[PDB]
A.B. asks: 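I have a structure here, written as structure tokens, and I will follow up with some questions on it.
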Amino acid sequence: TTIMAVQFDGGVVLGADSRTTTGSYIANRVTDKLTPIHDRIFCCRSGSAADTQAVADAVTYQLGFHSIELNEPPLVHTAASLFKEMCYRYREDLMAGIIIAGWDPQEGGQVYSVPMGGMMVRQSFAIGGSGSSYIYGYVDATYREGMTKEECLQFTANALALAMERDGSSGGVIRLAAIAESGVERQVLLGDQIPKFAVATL
Amino acid sequence: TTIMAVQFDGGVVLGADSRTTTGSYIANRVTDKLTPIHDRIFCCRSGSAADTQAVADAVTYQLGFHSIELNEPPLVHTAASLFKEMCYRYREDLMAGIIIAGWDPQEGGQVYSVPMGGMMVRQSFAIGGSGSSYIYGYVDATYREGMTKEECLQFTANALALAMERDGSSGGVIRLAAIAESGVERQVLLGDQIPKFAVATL
Amino acid sequence: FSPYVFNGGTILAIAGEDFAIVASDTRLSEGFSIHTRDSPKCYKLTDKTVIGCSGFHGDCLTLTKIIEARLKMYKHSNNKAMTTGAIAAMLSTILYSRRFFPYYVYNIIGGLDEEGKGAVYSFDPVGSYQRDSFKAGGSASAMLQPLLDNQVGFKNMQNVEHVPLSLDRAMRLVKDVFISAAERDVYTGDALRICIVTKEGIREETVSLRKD
Amino acid sequence: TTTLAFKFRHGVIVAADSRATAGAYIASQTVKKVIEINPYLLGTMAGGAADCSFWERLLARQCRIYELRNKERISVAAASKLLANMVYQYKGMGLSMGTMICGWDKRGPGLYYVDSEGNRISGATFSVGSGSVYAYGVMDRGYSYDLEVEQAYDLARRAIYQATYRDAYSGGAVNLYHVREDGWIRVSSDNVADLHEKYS
Amino acid sequence: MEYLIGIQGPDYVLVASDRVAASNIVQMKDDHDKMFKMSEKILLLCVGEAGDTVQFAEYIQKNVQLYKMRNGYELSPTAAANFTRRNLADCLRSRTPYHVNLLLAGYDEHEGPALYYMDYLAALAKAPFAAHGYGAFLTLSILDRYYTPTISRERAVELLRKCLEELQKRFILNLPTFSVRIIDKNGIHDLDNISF
Amino acid sequence: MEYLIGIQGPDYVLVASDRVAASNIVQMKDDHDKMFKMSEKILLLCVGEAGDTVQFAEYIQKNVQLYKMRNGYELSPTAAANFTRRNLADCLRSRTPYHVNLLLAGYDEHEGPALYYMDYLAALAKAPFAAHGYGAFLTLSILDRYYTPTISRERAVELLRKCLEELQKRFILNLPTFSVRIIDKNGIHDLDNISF
Amino acid sequence: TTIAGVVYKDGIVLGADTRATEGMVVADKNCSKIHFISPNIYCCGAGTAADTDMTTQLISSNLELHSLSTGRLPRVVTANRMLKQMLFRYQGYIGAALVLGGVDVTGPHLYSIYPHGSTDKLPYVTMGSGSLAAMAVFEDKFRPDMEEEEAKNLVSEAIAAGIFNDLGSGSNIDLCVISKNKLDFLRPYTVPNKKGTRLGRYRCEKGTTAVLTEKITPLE
Amino acid sequence: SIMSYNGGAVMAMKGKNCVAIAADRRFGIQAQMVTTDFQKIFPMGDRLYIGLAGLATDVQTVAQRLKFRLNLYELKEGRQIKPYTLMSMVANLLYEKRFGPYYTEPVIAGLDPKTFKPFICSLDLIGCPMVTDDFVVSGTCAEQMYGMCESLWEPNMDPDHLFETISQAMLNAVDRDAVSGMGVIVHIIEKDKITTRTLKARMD
Amino acid sequence: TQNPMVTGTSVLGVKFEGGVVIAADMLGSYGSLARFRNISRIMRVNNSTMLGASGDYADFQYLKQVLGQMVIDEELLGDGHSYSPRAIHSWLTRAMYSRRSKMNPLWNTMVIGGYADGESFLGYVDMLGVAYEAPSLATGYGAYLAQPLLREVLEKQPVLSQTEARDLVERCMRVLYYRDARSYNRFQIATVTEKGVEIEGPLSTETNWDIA
Ligand SMILES: CC(C)C[C@@H](C=O)NC(=O)[C@H](CC(C)C)NC(=O)[C@H](CC(C)C)NC(=O)OCc1ccccc1
Ligand SMILES: CC(C)C[C@@H](C=O)NC(=O)[C@H](CC(C)C)NC(=O)[C@H](CC(C)C)NC(=O)OCc1ccccc1
Ligand SMILES: CC(C)C[C@@H](C=O)NC(=O)[C@H](CC(C)C)NC(=O)[C@H](CC(C)C)NC(=O)OCc1ccccc1
Ligand SMILES: CC(C)C[C@@H](C=O)NC(=O)[C@H](CC(C)C)NC(=O)[C@H](CC(C)C)NC(=O)OCc1ccccc1
């Protein structure tokens with residue numbers, strides 16, 4: 001599992017692999033790990049499939065009712081807070097690491113990280129999952145301030161491709177999603193579309 | 001711990017951090033993990049301090065006696081083989097990951113990786129240790145064929161700097177060694193000399 | 001690390017007045033998978049002796065090789081082939097020699113005795129053995145034994161003549177018991193190998209079973 | 001299993017069932033639990049079938065060697081000590097064995113009980129196995145040193161039969177042995193089913 | 001372990017039990033009574049874990065007496081036995097199981113004498129004779145050998161003696177005295193203790 | 001557990017032991033002898049794990065007899081006690097320790113009577129009286145109450161009977177009969193068993 | 001056990017074997033593992049037999065109550081959501097691995113529900129001990145928008161591979177074809193394996209058994 | 001295993017318009033036999049029987065609780081229960097304790113009250129129904145029972161032949177089981193008569 | 001090896017008319033980490049025998065060394081006798097069983113393929129000394145994913161041509177890449193025929209559809 005989210009001026013870019021495993025068996029190789037909580041709000045799921053799905057469904061129900069009551073679009077911070085509240089309270093029962101990214105009029109593109117345990121923190125970019133440990137240096141070395149949407153999409157694609165190459169629990173196809181005021185634009189990189197790095201041969 | 005070795009046309013470049021820990025306490029913050037096995041053969045030590053020092057001394061004694069018997073410089077492959085025989089035979093008792101890099105007339109600069117369990121394999125570049133897991137993506141992305149000695153030194157310094165930043169068991173100063181036919185040139189990067197990558201600002 | 005694994009297998013031996021039958025399924029499995037469908041568990045030892053081994057295939061192969069070596073050693077040092085009774089006694093000592101690391105093997109010897117009559121010997125993993133008239137061992141032993149006792153032993157049947165067992169009737173019994181076992185025991189199937197020991201020699205036959 | 005033996009005026013009687021079980025599965029019903037060490041000595045089996053059979057056979061081998069060397073038959077006390085010493089080397093290593101050495105030495109009838117736990121005690125009456133407790137009750141209430149030969153046979157058969165009736169892991173047939181001054185004899189082998197009809 | 005034994009005859013039930021209350025290799029009492037008077041024609045013999053036996057037996061006794069006081073007639077031995085099994089089985093899976101082994105003996109005018117066997121798992125069985133404790137292993141064979149359905153009460157007491165003598169000769173625990181009682185159409189009669 | 005007891009008088013040592021050999025719950029033997037004759041004036045009483053007692057006792061017996069045959073005079077009780085302690089202590093930390101509790105009683109021409117106490121840890125001690133087994137917890141107080149250094153052998157047997165009677169009344173295990181022996185300057189004398 | 005499902009051009013095709021094992025011995029030789037959820041939805045069950053029966057039966061009853069109240073055909077999404085929410089609530093103690101498939105207003109749908117309460121919506125899924133054997137056939141031969149006959153052959157081959165290569169699967173192959181205007185529930189679709197013909201005769205002649213006591217109690 | 005604490009064995013079989021249900025009689029605690037007359041087949045109707053094997057306490061508890069429910073159902077509905085409905089009631093009863101189950105594996109045998117159509121079934125300890133057209137077994141010697149039934153059973157058997165087959169299957173199966181046996185009780189259920197027989201069995 | 005450290009994934013093998021094919025991906029996994037991605041897990045034992053191994057790679061290298069030296073020793077004699085693939089299979093079985101008995105296993109699952117005297121050989125050896133010969137073999141997850149396809153084809157058609165076997169192996173390797181989470185795209189194919197042993201360079205399953 002590798003989930004990545006980046007923030008740019010006026011929106012955010014989300015990405016994830018498409019592998020779900022039960023031991024060493026790939027039960028689903030095209031899984032969609034980007035769950036739309038609301039319009040312009042997304043969550044990337046990692047950890048236990050059952051727990052993340054249940055938590056995502058509950059927050060979707062809570063946020064939708066909250067938005068209807070207030071007659072205003074939800075805030076990304078509010079969506080992260082709802083994830084934090086449940087993930088923290090049931091920290092002993094849930095195995096779920098989430099990153100909440102989206103756009104709202106008040107604060108623009110935002111990326112929040114909710115790792116296992118239920119802490120919440122705003123980040124310029126976030127990564128998670130089993131495969132995130134293999135790209136900590138890469139994202140730290142190759143990240144820049146002021147990147148555009150296209151640069152963020154390429155940056156996320158390169159990072160995910162490297163993690164899938166190394167991690168055994170990551171693989172399949174790369175699912176991306178750019179969120180801005182205009183809307184949500186999703187795409188899938190598969191086959192030769194995935195960034196490729198030559199393997200050294202002696 | 002973070003040990004790295006790169007091969008270029010003419011020689012090899014070795015690098016390592018300088019941290020030794022006993023839990024969360026840094027017993028030695030300027031430790032030298034590059035051990036000269038012979039005149040133009042080095043080893044990078046990772047894992048148990050006692051096990052690696054004991055094995056390194058044993059191989060140094062064996063290789064030196066072997067070189068004296070046959071009036072010729074030793075082969076880097078032979079140095080790796082002696083390390084493999086010891087590490088494989090006592091894999092149950094030893095906890096040591098070794099990178100053997102050096103230069104010999106027959107084959108030039110070579111890098112051999114001997115991880116836990118006694119495996120031996122030749123690689124264009126090798127990494128190992130606790131912090132090596134955090135730079136697998138970076139090295140796979142930034143490595144290019146036919147680098148120069150200067151580029152390899154910069155490549156190794158950047159890779160170690162990232163790992164030391166993200167790993168709690170790695171830190172201190174970067175120790176570099178370049179081995180060629182001319183000789184061995186040892187270097188130490190400390191303070192501002194260590195490569196720096198800016199952090200985000202949310 | 002567990003040095004043992006159950007590979008399945010069912011063996012059967014019937015002793016007649018002038019013959020002996022040893023039969024076994026030809027399936028080798030591990031866990032829920034099938035390694036192969038053509039591994040008979042009956043090994044010919046001499047011109048008048050056959051042994052059926054089942055359990056841990058690692059031990060089954062080693063034990064058969066050891067028995068084959070020991071049979072040759074006896075012949076060299078005694079100038080005569082071993083008898084069925086001697087083989088059973090030797091095997092008992094061999095099995096007990098590892099009483100603290102036993103062969104996970106169930107053995108059943110079958111052949112002609114010195115008088116020319118069928119003889120069957122059944123063994124435990126540690127060496128204890130008895131001279132029986134018919135026995136079943138392996139995964140489906142519990143299924144095979146009750147019918148053999150009823151039909152060959154005439155147990156629980158009254159006013160029934162105890163006619164001597166015929167070769168044709170024995171062959172039909174062996175086929176029927178294994179067919180029924182295949183329908184219920186997961187570890188037995190594929191095919192059935194039958195070895196018939198007579199004064200003429202050792203004859204072999206094969207009949208298909210269910211493939212699960 | 002149930003095995004019993006007792007000394008009376010005309011020798012020592014030895015009896016046992018013929019059942020061997022692998023867990024809850026009856027492996028056999030024709031197991032000979034009495035070993036004929038020599039025409040004047042025999043031993044019983046109780047516990048592990050492999051352990052009892054192997055060590056009794058080893059004892060029989062040792063006894064024959066002793067007879068050949070000393071030109072005189074071994075005594076019951078010596079044979080029991082020989083087995084007790086042999087199995088004591090493996091104490092605590094999981095051997096499961098309980099046996100009775102019965103014979104007629106130069107000192108008259110002899111009966112010893114040897115266990116893998118290291119016990120070795122002489123006595124007048126003994127019973128070993130899972131059905132030992134049941135056999136003890138019938139044997140004790142009916143035993144007398146002055147029993148007639150025919151009476152002794154019936155007491156042994158009845159005691160074994162009752163044990164098989166009450167004990168799940170005991171059954172088959174009752175094998176009965178009589179040891180006299182001129183060697184032992186096999187007196188009878190009666191199936192428990194036949195006995196049940198007679199006693200009922 | 002304690003000892004209970006019961007022999008049922010054509011028109012009577014003979015029950016006996018040891019009179020020892022031990023506590024870690026010491027006989028604290030030599031005249032302990034393990035029989036409970038359910039009613040004028042029913043006796044409950046209870047052995048097992050300390051506290052559990054008294055609590056369970058007294059609880060059943062209170063209910064059985066209450067039934068008699070409320071309905072004007074006493075419970076039958078069969079109904080009392082099934083009532084006891086129901087309570088024991090119900091508590092079996094609760095947080096407070098009762099670890100007790102029971103023998104219920106009684107006489108009904110219509111059905112006649114009845115002896116019931118019940119272990120701590122609450123499995124109820126009706127038998128001509130039964131025994132509880134480790135001594136049951138040594139004495140049950142004696143009963144099987146010598147018991148007959150038409151045994152007179154004088155012969156039954158003799159057969160009981162043979163069982164108790166076997167315990168003295170072959171059992172390892174010290175059980176010198178045994179309480180003895182008999183139930184028939186006239187009620188519960190206390191016989192002389194069998195002592196050694 | 002088997003029971004041993006020893007009382008030392010001015011010119012004699014009185015030792016007694018039970019005569020029971022129990023396998024699990026059945027007394028397999030009722031006339032077992034737990035006393036080993038080391039020499040003409042030394043007795044060794046051994047109780048412990050099955051096999052260990054006989055193997056250790058018989059081994060010590062052979063060595064003491066060998067010493068007598070080699071040198072022409074027998075070992076003193078003190079020398080035999082220390083010799084036994086050495087062998088037990090040496091085997092303690094080995095791979096085949098002996099779990100045996102011992103009582104060594106003997107008479108010396110010069111030193112006089114001696115009673116020695118030795119547990120399975122090979123801790124030797126010399127006491128006027130001692131006991132082994134669970135009965136020791138119950139008889140030792142009686143000895144402390146009624147024992148005097150100048151006790152005659154007739155009063156010693158009476159005191160021994162007191163302790164054995166206490167075992168019958170209050171001990172849980174069935175120990176019907178006991179073996180009694182006395183050592184004085186004339187050797188080892190076998191007194192009549194104290195039975196109940 | 002091998003249960004599979006494929007989304008073909010018009011609808012769903014579900015497959016399953018007919019073996020149930022207790023321990024290592026065949027208990028039921030003709031177990032029915034395809035469970036009716038609605039007139040347009042069916043569920044294949046793998047795992048604990050009692051759990052799958054109780055879970056599918058409860059959901060089917062709940063959906064029938066839902067269908068009666070709404071007056072419309074049930075949706076596969078509704079069945080999937082109710083199943084996962086129940087299974088998650090029990091934290092995986094219900095050993096029910098399910099293959100849910102059906103056709104509704106929005107078109108064919110195929111889910112795979114796992115005991116812990118996680119679901120995957122995929123064109124083809126497999127479960128049970130023979131799941132890997134079946135998935136090998138699917139990964140080798142599956143094609144989008146297949147014809148009904150081709151889909152049936154594929155699912156039949158996928159179940160057959162599990163039957164012949166897994167010890168926990170055997171007996172016959174059951175199929176259930178669901179489309180917008182049909183539902184073919186082929187219970188014994190194929191019978192790959194059959195018991196051999198008895199060669200001898202062991203009929204027990206009258207009087208072979210010994211009777212102690214007899215009692216006849218006429219009825220009516 | 002808990003199911004082997006008391007032993008036990010129950011089998012059911014089908015004939016032409018007749019069903020046979022058989023069981024052993026031994027009741028014991030581990031290796032010790034207590035009685036040889038324990039009841040394991042309980043009547044649930046004129047031609048409907050339930051045979052329970054496993055823990056003796058659970059065998060009695062289930063049979064009593066099932067009768068409690070069955071009596072209420074019949075009175076409420078004013079009709080005789082059908083074999084299929086009895087299975088569903090038993091399966092529901094067993095599954096109510098899916099966590100902490102009753103340690104018994106019932107087998108049901110009977111004829112339909114209207115059509116007199118033979119019916120047999122078996123359930124797991126947590127209530128998994130299983131209908132068969134030939135036979136069902138349950139107990140400690142299931143493997144032995146399967147071997148005898150698979151080789152002896154034939155279709156469309158007369159009541160006389162049905163009794164012989166089930167009796168032989170039961171007798172030889174328990175003869176290879178240590179904790180089962182000590183007599184066999186066989187019920188042959190026909191449209192107009194219920195003949196109960198006790199077989200001459202080994203008592204060892 | 002009490003605990004393997006770097007391991008290889010499934011190894012396939014299928015025999016055809018006049019040879020045998022073995023395949024294995026070039027990847028050493030350090031417990032869910034693709035650490036070494038360019039290591040060969042196939043060996044050329046001799047002119048008519050090849051070997052592919054799963055499990056610990058360090059143990060495989062040790063066997064590579066021991067087996068390679070032994071082949072050298074035999075060739076030195078120049079006596080006209082060479083180890084047949086069956087003989088190598090027998091030796092490996094004894095070596096693996098002996099280590100198991102010592103409770104120091106060689107954590108490997110080996111597939112042996114060879115062609116001698118006009119007869120294909122394909123053998124299997126496990127960590128515990130379990131060994132057998134089958135028309136097709138697959139270790140690790142290949143026993144679950146790839147073995148069903150190979151067995152299905154072989155049952156339909158017992159005899160395969162070289163092209164058919166190569167295509168079958170390629171399809172199976174594609175399935176393993178799809179489903180096995182410890183597999184790699186690059187892999188090797190080794191073929192043994194009358195002309196010797198040939199190992200194909202690093203191939204790929206680029207024919208990988210990803211219609212999501
Ligand atoms: C759906 C993703 C957001 C989460 C996913 C990504 O790594 N998680 C997983 O793959 C984890 C991996 C690890 C906990 C063994 N697996 C799981 O959560 C479970 C296994 C349970 C026993 C916990 N895997 C499983 O069976 O997944 C079934 C599945 C298949 C497709 C979609 C959703 C769920
Ligand atoms: C290559 C060398 C620099 C060794 C180095 C690698 O980076 N190893 C380490 O840093 C490992 C890390 C541990 C988590 C395994 N630590 C060690 O090897 C430490 C270092 C000593 C100086 C205390 N050794 C250790 O824990 O055993 C020595 C010891 C013995 C008794 C008490 C406390 C410490
Ligand atoms: C002389 C023996 C047959 C006495 C008998 C009763 O205690 N032995 C047994 O019942 C033994 C031990 C049991 C008490 C746990 N049971 C057994 O099952 C053992 C083997 C297992 C321990 C693996 N023996 C066995 O299966 O019988 C093999 C056999 C078959 C025929 C003749 C002699 C021996
Ligand atoms: C019947 C289908 C649902 C599939 C079938 C697979 O072969 N399921 C099964 O076989 C499952 C277990 C499985 C892990 C092997 N169990 C069963 O089928 C059997 C019932 C048969 C007699 C019909 N169940 C059983 O014995 O239950 C044991 C048990 C007890 C407590 C909790 C959970 C499970």
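For ligands, and for the atoms within them, numbers begin at 1 and follow the listed sequence. Residue numbers start from 1 in every chain, and the chains themselves are labelled A, B, ... in the order their sequence lines are given, proteins ahead of strands.
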A.B. asks: Please list, in number order, the atoms of ligand 1 under 4.0 Å from a heavy atom of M95(A).
C.D. replies: 14 (C)

A.B. asks: What pairs with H109(G) under side chain to side chain contact (heavy atoms under 4.5 Å, CB included), at least two apart in sequence or on another chain?
C.D. replies: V76(G), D104(G), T106(G), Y111(G), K121(G)

A.B. asks: Please state whether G129(D) comes within less than 4.0 angstrom of ligand 3, counting heavy atoms only.
C.D. replies: no

A.B. asks: Considering the heavy atoms of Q53(A), write down every atom of ligand 1 situated less than 4.0 Å from one of them.
C.D. replies: 33 (C)

A.B. asks: Does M164(A) offer a backbone N or O that forms a donor-acceptor pair with the side chain of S170(A) under 3.5 Å?
C.D. replies: no

A.B. asks: Heavy-atom contacts with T1(A) under 4.0 Å: which atoms of ligand 1 show up? List them by number with element.
C.D. replies: 6 (C), 7 (O)

A.B. asks: Taking atom 33 (C) of ligand 3 as the point of reference, which of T2(D), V31(D), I35(D) owns the nearest heavy atom?
C.D. replies: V31(D)

A.B. asks: Taking the basic N atoms (NZ, or NE/NH1/NH2) and the acidic carboxylate oxygens, is any pair closer than 4.0 Å for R19(A) and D167(A)?
C.D. replies: no

A.B. asks: Which of the numbered atoms in ligand 1 are below 4.0 angstrom from a heavy atom of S48(A)?
C.D. replies: 18 (O)

A.B. asks: State the atoms of ligand 4, each with its element, that fall below the 4.0 Å cut-off from a heavy-atom position in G168(G).
C.D. replies: 7 (O)

A.B. asks: Checking contacts here: is it the side chain or the backbone of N28(A) that comes within 4.0 Å of ligand 1, counting heavy atoms only? Could be both or neither.
C.D. replies: side chain

A.B. asks: Using a strict 4.0 Å cut-off to heavy atoms of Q130(C), name the atoms of ligand 3 that fall inside it.
C.D. replies: 31 (C), 32 (C)

A.B. asks: I want to know if ligand 1 touches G47(A) in the polar sense, i.e. an N/O pair below 3.5 angstrom.
C.D. replies: yes

A.B. asks: Considering the heavy atoms of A20(D), write down every atom of ligand 3 situated less than 4.0 Å from one of them.
C.D. replies: 3 (C), 27 (O)

A.B. asks: Can you check whether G23(A) has an N/O within less than 3.5 Å of an N/O in ligand 1?
C.D. replies: no

A.B. asks: Would you say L125(H) contacts ligand 4, with heavy atoms under 4.0 Å as the rule?
C.D. replies: yes

A.B. asks: I'd like to know if the side chain of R179(I) and the backbone of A27(A) have a donor-acceptor N/O pair within less than 3.5 Å.
C.D. replies: yes

A.B. asks: Please identify which atoms of ligand 1 are closer than 4.0 Å to at least one heavy atom of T119(G).
C.D. replies: 32 (C), 33 (C)

A.B. asks: Going by heavy-atom distance to atom 18 (O) of ligand 3, choose the closest among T21(D), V128(D), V126(C).
C.D. replies: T21(D)

A.B. asks: Quickly, which of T3(D), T99(D), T1(D) forms a side chain to side chain donor-acceptor pair (under 3.5 Å) with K33(D)? Name it, please.
C.D. replies: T1(D)

A.B. asks: Would you confirm whether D17(D), through its side chain, and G171(D), through its main-chain N or O, come within 3.5 Å as a donor-acceptor pair?
C.D. replies: yes

A.B. asks: I'd like to know if the side chain of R184(C) and the backbone of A27(G) have a donor-acceptor N/O pair within less than 3.5 Å.
C.D. replies: yes

A.B. asks: Under 4.0 Å from a heavy atom of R98(H): which atoms of ligand 4 are those, numbered in the order shown and with their elements?
C.D. replies: 32 (C), 33 (C)

A.B. asks: In ligand 1, which numbered atoms sit nearer than 4.0 Å to a non-hydrogen atom of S118(G)?
C.D. replies: 27 (O), 28 (C), 29 (C), 34 (C)

A.B. asks: Go through ligand 1 atom by atom and flag the ones less than 4.0 Å from a non-hydrogen atom of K33(A).
C.D. replies: 2 (C), 3 (C), 6 (C)

A.B. asks: So is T52(G) polar-close to ligand 4, meaning N/O to N/O under 3.5 Å?
C.D. replies: no

A.B. asks: Using ring centroids (six-membered ring only for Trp), state whether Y129(C) and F123(C) fall under 6.0 Å.
C.D. replies: yes

A.B. asks: Please could you name the atoms of ligand 4 that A49(G) approaches to less than 4.0 Å, counting only its heavy atoms?
C.D. replies: 1 (C), 3 (C), 18 (O)

A.B. asks: Would you check the N or O atoms of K33(G), main chain and side chain alike, for any that come under 3.5 Å of an N or O of ligand 4?
C.D. replies: no

A.B. asks: Considering residues at least two apart in sequence or located in another chain, which fulfil the ring-ring contact (aromatic ring centres under 6.0 Å, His included) criterion with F101(C)?
C.D. replies: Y4(C)

A.B. asks: Considering only heavy atoms of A27(G), which atoms of ligand 4 have at least one such atom less than 4.0 Å away?
C.D. replies: 22 (C)

A.B. asks: If you count the atoms of ligand 4 from 1 in the order shown, which ones are under 4.0 Å from a heavy atom of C128(H)?
C.D. replies: 23 (C)

A.B. asks: With a cut-off of 6.0 Å (strictly less than), are more than 12 heavy atoms of other residues, nucleotides or ligands near OH of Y90(G)?
C.D. replies: no

A.B. asks: Distance-only, no hydrogens or angles: does the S118(G) side chain make a donor-acceptor pair with backbone N or O of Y114(G) under 3.5 Å?
C.D. replies: no

A.B. asks: I want to know if ligand 4 touches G47(G) in the polar sense, i.e. an N/O pair below 3.5 angstrom.
C.D. replies: yes

A.B. asks: Quick one: does ligand 1 sit under 4.0 Å from the side chain of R45(A), the backbone, both or neither, non-hydrogen atoms only?
C.D. replies: both

A.B. asks: Should you measure from each heavy atom of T21(A), which atoms of ligand 1 turn up under 4.0 Å away?
C.D. replies: 9 (C), 10 (O), 11 (C), 12 (C), 16 (N), 24 (N)

A.B. asks: Examine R29(A) relative to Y178(I) and say whether NZ or CZ is less than 6.0 Å from the centre of the six-membered ring and inside a 45° cone about the ring axis.
C.D. replies: yes

A.B. asks: With heavy-atom distances below 4.0 Å as the criterion, list the atoms of ligand 3 near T1(D).
C.D. replies: 6 (C), 7 (O)

A.B. asks: Can you tell whether the side chains of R99(C) and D51(D) come within less than 4.0 Å, N to carboxylate O?
C.D. replies: yes

A.B. asks: Which atoms of ligand 3 are found less than 4.0 Å from any heavy atom of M45(D)?
C.D. replies: 1 (C)

A.B. asks: With respect to atom 9 (C) of ligand 3, which of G172(D), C52(D), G47(D) exhibits the smallest heavy-atom separation?
C.D. replies: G47(D)

A.B. asks: List every atom of ligand 4 that sits less than 4.0 Å from any heavy atom of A20(G), numbering the atoms from 1 in the order shown and giving each element.
C.D. replies: 1 (C), 23 (C)

A.B. asks: Could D17(A) and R175(A) be called an ion pair, given the rule that one side-chain N must be under 4.0 Å from one carboxylate O?
C.D. replies: no

A.B. asks: Does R98(C) qualify as a cation-pi partner of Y103(C), given the criterion of NZ or CZ under 6.0 Å from the six-membered ring centre and within 45 degrees of its axis?
C.D. replies: yes

